[PDB]
Amino acid sequence: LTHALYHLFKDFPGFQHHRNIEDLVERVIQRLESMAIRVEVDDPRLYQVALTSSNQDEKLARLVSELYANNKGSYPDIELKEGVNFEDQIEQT
Amino acid sequence: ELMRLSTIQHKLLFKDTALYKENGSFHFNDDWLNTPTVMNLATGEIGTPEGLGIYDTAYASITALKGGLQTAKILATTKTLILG
Amino acid sequence: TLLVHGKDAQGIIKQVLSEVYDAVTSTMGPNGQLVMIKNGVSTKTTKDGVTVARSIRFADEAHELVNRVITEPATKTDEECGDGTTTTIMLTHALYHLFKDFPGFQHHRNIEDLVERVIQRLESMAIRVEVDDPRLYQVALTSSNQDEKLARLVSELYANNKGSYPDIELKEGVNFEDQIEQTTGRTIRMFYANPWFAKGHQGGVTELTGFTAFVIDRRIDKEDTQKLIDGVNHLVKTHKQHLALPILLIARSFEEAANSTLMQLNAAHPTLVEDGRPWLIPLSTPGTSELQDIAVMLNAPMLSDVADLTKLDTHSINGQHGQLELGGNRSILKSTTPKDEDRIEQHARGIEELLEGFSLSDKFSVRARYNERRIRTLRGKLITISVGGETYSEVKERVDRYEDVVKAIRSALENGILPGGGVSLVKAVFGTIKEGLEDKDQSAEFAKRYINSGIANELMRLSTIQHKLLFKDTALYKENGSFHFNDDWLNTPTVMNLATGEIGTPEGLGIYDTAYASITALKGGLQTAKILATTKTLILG
Amino acid sequence: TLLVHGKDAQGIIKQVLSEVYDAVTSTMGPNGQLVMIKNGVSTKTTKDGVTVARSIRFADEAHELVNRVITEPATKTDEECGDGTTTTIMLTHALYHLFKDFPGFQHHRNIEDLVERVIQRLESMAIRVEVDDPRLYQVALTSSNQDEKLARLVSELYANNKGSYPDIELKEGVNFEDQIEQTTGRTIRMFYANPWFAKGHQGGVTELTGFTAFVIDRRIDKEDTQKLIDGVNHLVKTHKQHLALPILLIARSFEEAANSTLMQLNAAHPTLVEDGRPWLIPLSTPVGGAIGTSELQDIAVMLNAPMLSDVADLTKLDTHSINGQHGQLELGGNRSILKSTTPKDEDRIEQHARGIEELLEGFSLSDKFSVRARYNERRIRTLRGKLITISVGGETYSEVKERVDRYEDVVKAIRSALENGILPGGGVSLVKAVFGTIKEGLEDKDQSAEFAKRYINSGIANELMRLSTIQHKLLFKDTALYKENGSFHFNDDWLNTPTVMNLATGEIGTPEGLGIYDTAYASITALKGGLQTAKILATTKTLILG
Amino acid sequence: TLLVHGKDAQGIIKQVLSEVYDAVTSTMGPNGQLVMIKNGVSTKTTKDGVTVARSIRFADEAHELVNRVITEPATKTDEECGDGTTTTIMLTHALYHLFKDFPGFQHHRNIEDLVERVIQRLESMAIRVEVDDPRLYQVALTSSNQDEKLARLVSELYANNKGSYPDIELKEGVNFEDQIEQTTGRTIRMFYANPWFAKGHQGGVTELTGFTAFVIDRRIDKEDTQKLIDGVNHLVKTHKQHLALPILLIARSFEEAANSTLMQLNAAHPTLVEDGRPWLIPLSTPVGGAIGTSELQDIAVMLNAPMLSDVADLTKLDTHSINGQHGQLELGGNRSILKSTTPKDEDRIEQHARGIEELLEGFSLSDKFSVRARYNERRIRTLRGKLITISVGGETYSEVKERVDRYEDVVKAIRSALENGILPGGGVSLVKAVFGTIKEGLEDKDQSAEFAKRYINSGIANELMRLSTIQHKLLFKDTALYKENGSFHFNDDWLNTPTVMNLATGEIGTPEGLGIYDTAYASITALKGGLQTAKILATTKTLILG
């Protein structure tokens, strides 16, 4: 965006144009801040983000999403350790 | 000119694919704002980001525009470099 | 020799087009700079767009090869109209950047199509000015470099002669004041084949009060020498009773082999010689239908072959008793009887009826304009102005300034008038965008091709270029960084008279351009831009 | 001078071929670029493959030496057909890389034999179009650079004259509109043996209104000098009463020994000379062979001349054999032109034309596509052909002469279309030929054992399939065929129903459906000539500059 | 420093890959050239692919930057297996040219999937050789550079010990002849957690004649520090009577937080210290996963140690659970070695070994070739393996150490032959795998539609066939296979009965007939690693030197 907006300033030179650019871009920023979806803990959209980030893992995206969803009221801090078994083991405290 | 700049990211992501296939370059309209068009690179399908599942973090995209604006303005308005 | 291919050829093209642009554009406006051209051991200092363009040279063969494509089509080929050379180079540069900005064959077929629709609007927007209309003075004032005396005189010459279009010639006079010579006579394109056939046998001005003309079509050489001997002796022997001397043999071209034969044929019959005057004169013309006009004026029959002179009769042969003035440069008719003027006017109406039944696009073509040139020859008066001044150099410069005024006013009445100051192109672009977008039938297609692409918006920015160069560094571009057009400005445009120093409408102030010049600039600018954009290879061998 | 041997010669050859390839191929396609050629103190800007190829020069002698081998055979020698120069240079480049990839004399003899079988498939695949068939319009439209007016007019001229094949000449007109002049006149392949026998004694265009022709078969040299003296003086003395001057001695060839004898024979009888015109004219015809014998028989029938085997047969003649015509003939250094033909003569010509037609009616279907049938059709067309002179017009001088050239391209295209044939355009006919030849050899179980070892297992067959694609690629890259993936690939199904793109309209379909065609002779000769030049370049190891 | 972007980056990568290819490939074949390497003030002259690869250097930083990506993955990281470095560079160069020839992300995702299916065929094709099978001699003969004496001796050592897999060490001898020392002793995968716990407190080789081992499963860190203090002090106080020092705490991993605690616990009881030897030693094993759990069970059975899940289980113990051995053990930083095993202990080990064997007896034929069965076999071999020390001799000093290396190559080859597998050598197995995969996909009528579109019609399938030939070409060029024509070409029949040449003898036959074999693990890993490095090089566009 730096590269993009740098060309916009060189394309409309002079101080009078600059104050117009800066004001319009500022109003765009106020739209993105309004368009933003502040997602809640219970909301099932987290699964879609989890499914994308885990390289299409059906098992992992379900478990981590449930860990957040079940604890409705407290934001869980997660630590990871190299286990021993084939299966995973969870220790909630 | 500002409308042309917003396209830059969508261009770099989905150039050399089946969105820019019918003509020389893909162009947005009034209808595409209600139901956007992308491409899932893993699967190979065309749809809406809401449908397919492509999302970004809001704070990252917002701060990119704010920080991009300030650094752009400085570079545009600099006329002197002191190396001493 | 070397062969240039790829990014390098497109690199050369861009550089040459840039340098030509800068040199030619700086000439325009109130801060119009001056160009200093070397010729031999002298110095010519001017601000004439054409003269600058004609004289730009480059050292490199590659650079010069390109230079002959951007200047020379509007420089060497453009001999009939000098004006609109600055404008063509200007639009070429503009439209070149438009083609580079939207690459690929699919965009190009869209650009070429929209620009073609803009051309159709300008051809419609043209105001067909009348002879009596006072607007001609405003056009005369602008073209004469703000001359109050000259613009008044030339405007009056056309205004006073309401009904006939005056042909104006210029000669270098002797006095300080100007002298006008008005004559009610027609000018013909025929002239002597050889100086021997004139009065005094040395290319003089032969005046006649009777003749019998014959118009041949073919170019005459050594092959037609026998056909002339058979032809001439047939009329002199058989049809001498109904024959007024001299016999005028009008044709396309007379070669020296044929001219020498016709000299001896004059000597063959010495009885018909009156006061030195030869009774047979060959006459050449520099376009088949121009000889048809020549035939109608002098009651002459049209003949395809030279051998057709034998098979003739009293019905075909018609000897006139008017008044003609033959010349080495041109021939001049004077005395035309009411019987002859009926034949000329009827023939003129026949050409006019052909122009009435053509399309609007073909009215601005070479076909229609040549047919109008036919009419004006068939119905025109001759005026000879002898231009004067204080020195020798001041006279010949004033001669050129008169010639620019004549060329401007002729083309003003002929072709049309459009609002000057880079306004007619802005109105045409903004008009065509709005028309296509507002028309709900094709609005779906129009938006996809031009509007959503950004072609429509980029084309609006181009039309502004001329208005910018004319009125930058002035009180229009004072309020903000740059002046921007709106919806309201199309109805009532805004310019500045540089002579006075006032703001108003081109209609109010009086700034106009010739329509044919501005239209040809856009047509020729589009073609040359497209070629330059699409060239990838230069061959120097 | 210098002598280049080894890896450097092959180094230069590769570079020059590369540069010429790039310049000439960039001309092709919808994104067809433009070449800006310098000539004197002017600039010619064009996209014509032949004009680009003719004008490429190099500074180094070694580079220029090679340049005359790749361009000049399809440039300087190719005078009859202008089209198929971009095709030849393209195929040369492709096949050169095929010879380099499979080196050694054993592979080379296998490449040459497979390409030879592809050539045999193209000649089989050729569609012989008829005069009435509307496909000619599509050929006319493509060759005219998408002209709606010109393609309609020229296609009508051939279609309206159903029975006679029109010969079209072009002249620079005067008006804005075009003007057509139709004349019932024939073109003959006879021409002057020596310039002396013409009007003005310097190879001029002699016009005649009466003659007495005699057709000899033999090639005439120093051995027949005595037979001519006995022959000519027999007719001039005995049979002068029933003889219209001049006497035309039509033959195969007149050598300079015989021509000098007949010059003196004209001087022997000065009484029969009228206005400079020699009363005896020898006339040669470029034919050769016993196929070529029957063209003189056509010449004999047109002018009511007797067919004579020997020169000594001129002595034994009579009023029944000798027939002096009183029509109109125009002799020329390039060709002779007949004009005035009486109704009595046209009965003899049409009867002789029917005799050739009846021979074609009683042959097999396979032999109708042969050289024998097509030559016999060329005989008919000469015997029933009309002269048309079109005077092309326009707005300026330059627009006229450019339109003249655009007319000439359309005439050349339609002539060769009816003459030779039609193939599906868009680089499709070569793909169908290769993919056909490989499938035929592999499927044929008799020679499948040998065919697999030579072509299939080697990878020659597979590499040859990739080369046929080259033309189709250059035309339809950067368009909606190459959109779904990185590159378009042909399959088994596409051979039955091919896929192209009409660049004017913007639609996808079959060449048969849309209407894109090429002349068969151009595409066939390009493959033949491209193969030969490729072989030479690949096999050159030495350059001598002295 | 400089930044390289665009066509220059791909320009450098192409050049460095070319030079490394030329330098390493020239080593292979009967006309196998020799490389002369400078080291200090001496000269090493060799035809060893790995040693050539490790030693190639460049002057420019950009060049050396690229050079570390092509060599170093199969050079510095590959410490366990030296063989298959020439092969990996070879395939990298081949597969790089494939990725350049079919550019674009859609083609690339297809190439990667096809090569993946070739890999699956090679893993299926592998012949699992048995100990008694005479084929091992052919493998030994090829790996020893045609040594008749050595290949006989090493093959006999494995063949005579039918039941136990011998571990072989090598030492520089004194005599001209070799001397063999056979010992009934086991090698264990346990080693020191910290160097402090060894003899001399600096990671020495501690020899013992009595111990009491305890096997823990968990990975030990700062969390288990309290559990160790409670555990160790419980046994030292309560169960001291039936305890032979030292106490060995075998586990998965000991972190530095736990090691420092156990150092202080040794200092807590100074009465139990004998001649410097610490009475408590933590011992780690590199396993991981639930497959890896059962290796500690083998460790437990060998030393009569109880299996413990938690560290806190050390408290709840008794005379029935605690068992102190009085054998002989040799602890080490690399590995531990058992020696003295009483007849009572060998009964327990053999009974446990039979339990693993019985599990393998009751599985399907397909699962016998899996990772599960082969790991369970690796368990048995550790539980029943004997130590052999060969002292290699010769005429000089240099001839001995060279013969030591030649022995080590033969041992590595025979170990991996029995372990992983055997494939037909001479670049035959790759050609069989590719031609197999294409034929299987094309012949299978279900997916034939998709398979033809992606691979066959594209020309990927055919281009991949040409690559597999590369190894066979380098080996048997300039010989009587490539004699009849310019180049040898494979067919359908040659897949059933392949054709090579024995370079020692000079005869033509099948690899099965003549006796040319390769280790399966080396050939598979070369294809896997060659594909990954090839992809990276083809898709790199930028070099940062700062």
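Residues numbered from 1 in each chain as written, not as in the entry; some residues may be left out. Chains lettered and ligands numbered in written order. Part of a larger assembly, values for the part shown. Heavy atoms only, no water. Residues with missing side-chain atoms left out of burial classes, pairs and counts.

- What the deposited record gives as its method is cryo-EM, and the resolution it gives is 3.45 Å.

**A look at the packing of helix α14 (residues 424-438) of chain C against helix α16 (residues 455-463) of chain C**
All names here are of chain C.
(1) Moving on: In the contact formed by α14 and α16, the axes pass within 8 Å of each other and the chain directions differ by 165°. Viewed along their axes, α14 and α16 adopt a mutual orientation that is roughly antiparallel. For the pair α14 and α16, the crossing hand works out as left-handed. Contact residues: α14 offers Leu 425, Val 426, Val 429, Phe 430 and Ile 433, while α16 offers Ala 456, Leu 459, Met 460 and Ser 463. (Axes fitted to C-alpha atoms, helices over the stretch in contact; angles between N-to-C directions. Helix = DSSP H or I, 4+ residues; strand = E, 2+ residues; numbered from the N terminus. Parallel < 35°, antiparallel > 145°, perpendicular 65-115°, else oblique. Left-handed = near helix turned anticlockwise from the far one by under 90°. Contact = heavy atoms within 4.5 Å.)

**Focus on the pattern of salt bridges**
(1) Moving on: Taken as a whole and judged by the stated rule, the model has 80 salt bridges over all chains.
(2) Moving on: Across the salt bridge formed by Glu 22 of chain A and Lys 73 of chain B, the nearest N and O atoms sit 2.9 Å from each other. Placement of the pair is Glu 22 of chain A in helix α2 (residues 15-35) and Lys 73 of chain B in helix α5 (residues 58-76), with the two residues belonging to separate chains.
(3) Moving on: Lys 73 of chain B sits in the partly exposed class, given a relative accessible area of 28%.
(4) Moving on: Put simply, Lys 530 of chain C and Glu 112 of chain C hold a salt bridge, and the shortest N to O gap is 3.1 Å.
(5) Moving on: On the accessibility criterion, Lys 530 of chain C (26% relative accessible area) is partly exposed.
(6) Moving on: Assessed through its relative accessible area of 32%, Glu 112 of chain C is described here as partly exposed. (Salt bridge = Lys/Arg side-chain N within 4 Å of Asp/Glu carboxyl O. Buried < 20%, exposed > 50% of the residue type's maximum accessible area, 1.4 Å probe, protein only.)

**Things to note about the packing of aromatic side chains**
(1) Moving on: Going through the model one piece at a time under the given rule, you end up with 17 aromatic pairs over all chains.
(2) Moving on: Note on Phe 446 of chain C and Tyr 450 of chain C: the rings are 4.8 Å apart at their centroids and 65° apart in plane angle, and the pair reads as edge-to-face. A residue pair is termed a helical-turn pair when its members lie 3 or 4 positions apart in one helix, as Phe 446 of chain C and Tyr 450 of chain C do in helix α15 (residues 443-451) at four residues. The same class applies to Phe 446 of chain C as to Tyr 450 of chain C, namely buried.
(3) Moving on: Pairing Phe 451 of chain D with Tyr 455 of chain D gives two aromatic rings, centres 4.8 Å apart and planes at 65°, and the pair type is edge-to-face. In this pair, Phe 451 of chain D and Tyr 455 of chain D are both assigned in helix α15 (residues 448-456), four residues apart and thus about one turn of the helix distant. Comparing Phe 451 of chain D with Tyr 455 of chain D, the two get one shared label, buried.
(4) Moving on: Feature note: the residues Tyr 20, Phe 26, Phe 28 and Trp 32 of chain B constitute an aromatic cluster, connected by ring pairs. (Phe/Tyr/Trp six-rings, centres within 6.5 Å; stacked < 30°, edge-to-face > 60°.)

**Here's the deal with the sheet that holds strand β17 (residues 387-392) of chain D**
Residues and elements named next belong to chain D.
(1) Moving on: Taken together, three strands build an open sheet; the order of strands is β4-β17-β5 and the sheet is mixed. Every interior strand has two partners, whereas the edge strands, β4 (167-172) and β5 (179-183), have only one. Strand after strand, the sheet turns through a mean of 20° between neighbouring axes, direction not considered.
(2) Moving on: Note that β5 and β17 share five bridges and pair antiparallel. Bridging from a neighbouring strand, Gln 179 pairs with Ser 391 of β17.
(3) Moving on: On the sheet, helix α7 (residues 148-160) packs against β4, β5 and β17 and is oriented at approximately 15° with respect to β5.
(4) Moving on: The sheet strands contacting helix α13 (residues 398-419) are β4 and β17, and the helix crosses β4 at an angle near 175°. (Pairing = 2+ DSSP bridges.)

**Things to note about the sheet that holds strand β1 (residues 3-5) of chain C**
(1) Moving on: Read across the sheet, four strands follow the order β1(C)-β22(C)-β2(D)-β3(D) without closing on themselves; strand pairing throughout is mixed. Each having just a single partner strand, β1 of chain C together with β3 (42-46) of chain D make up the two edges of the open sheet. Across the sheet, the mean angle from the axis of one strand to that of its neighbour is 20°, orientation sign disregarded.
(2) Moving on: For β1 of chain C and strand β22 (residues 535-539) of chain C, the ladder comprises three bridges, and the chain directions are antiparallel. Each bridged residue has a counterpart across the sheet, and for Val 4 of chain C the counterpart in β22 of chain C is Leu 538 of chain C.
(3) Moving on: Contacts from helix α1 (residues 9-25) of chain C reach β1 and β22 of chain C within the one sheet, and its direction differs from that of β22 of chain C by about 90°.

**Quick look at α15 of chain C**
Residue and element names in this part refer to chain C.
(1) Moving on: Those residues of α15 that sit buried are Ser 443, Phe 446, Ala 447 and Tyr 450. Angularly, the buried residues of α15 cover 105° about the axis, an arc narrow enough to put them on a single face. Of the residues in α15, the exposed ones pointing more than 90 degrees away from the buried face are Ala 444 and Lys 448.
(2) Moving on: Taken together, the buried residues of α15 touch α5 (105-125), α14 and α16. (Arc of directions from axis to C-beta.)

**Examining the packing of α1 of chain C against helix α3 (residues 61-70) of chain C**
Residue and element names in this part refer to chain C.
(1) Moving on: Viewed as axis vectors pointing N to C, α1 and α3 meet at an angle of 60°, and their least axial separation amounts to 9 Å. The angle between α1 and α3 places the two elements in the oblique class. By crossing handedness, the relation of α1 to α3 is classed as right-handed. On α3, the residues touching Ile 12, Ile 13, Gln 15, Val 16, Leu 17 and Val 20 of α1 are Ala 62, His 63, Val 66, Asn 67 and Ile 70.

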